[PDB]
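Just the one chain here, the form deposited in one PDB entry, laid out as structure tokens.
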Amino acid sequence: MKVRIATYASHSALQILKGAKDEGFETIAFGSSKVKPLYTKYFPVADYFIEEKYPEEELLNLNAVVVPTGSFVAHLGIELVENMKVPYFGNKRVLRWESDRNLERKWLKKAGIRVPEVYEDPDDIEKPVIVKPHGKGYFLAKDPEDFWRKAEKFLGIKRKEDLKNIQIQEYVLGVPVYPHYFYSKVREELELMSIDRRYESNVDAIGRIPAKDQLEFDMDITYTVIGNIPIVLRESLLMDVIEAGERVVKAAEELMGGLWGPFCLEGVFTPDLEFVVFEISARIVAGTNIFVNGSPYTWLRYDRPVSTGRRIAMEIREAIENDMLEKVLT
């Protein structure tokens, strides 16, 4: 293949580049020199490793297409990514829509996705809410009276006009669930690729601490992502999970020039079998790293292992094969 597949050396590059190799592409990783051995020795998936944050000129010379990882913007910055001259797999317009709280909320609302209700006025609280001062210092409130007592105790607020820099959301209790999707622009087909539960510290460690021991300390709960655990869902939940993905894609077609490639809806499942979404990640997510050898979902419909990384490379190949590569790049 003339086209080479390139990605930033973090997040999901091992999976992406292995998938590319499996589909007959030459591969490029670019990033920190510290991690070069990971991609060239321990897991030799990168044919070229460039020790630079964003080697635009070298990437153009190598006829690269960049597959954006789930931390691509974090490492490069939104402006650099939006203005990059190297072709980008996916729609670069999505980056603002997935990251700006207001745009994200608008997208999810248009897509008819269940999300926590936001309260602009504490005096409107009628069911338990989570209060987010600007995980740092998050607390629950039952009602307006409870809220104001806690605003005084935790935030020093003694007058209503003094309240500032807070978010108040409907509190939704459920188990974390992260469905991984792929929308093929070539085939105009949505797929469910896999599902995981993100493994987080210290939040996933506190359950091992008895209540008595916890209560002696002021707990500082954190949600740092450490890894991922494979799951499957109850089968009867799949249709609504898939329909949610379809609606997100459709809404993006209207709002931002489309959504294609991998994405994920991040949320929880309540005891009443409701999927409530906290965030959309409109790129490959780290949970897909479990499924290098396929998943319980891909093995229902393919005769070979298909990771999200491989699926991306399959899409790029099929685009080239059908003379429509420009359609999947921005």
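Sequential numbering from 1, following the sequence displayed. Superpose the two forms; the largest set of C-alphas matching within 1.5 Å is the rigid core.
From this point on, the text means the form deposited in another entry, which you will not see here.
With the core fitted between this form and the one not shown, just one of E104, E200, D146, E82 shows a Cα displacement of at least 2 Å, namely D146.
Once both forms are fitted on their core, a CA shift of 2 Å or more is seen for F217 between this form and the one not shown. Relative to the superposed rigid core, the position of the CA of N228 differs between this form and the one not shown by less than 2 Å. Once the rigid core is used as the reference frame, the Cα position of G257 differs between this form and the one not shown by less than 2 Å.
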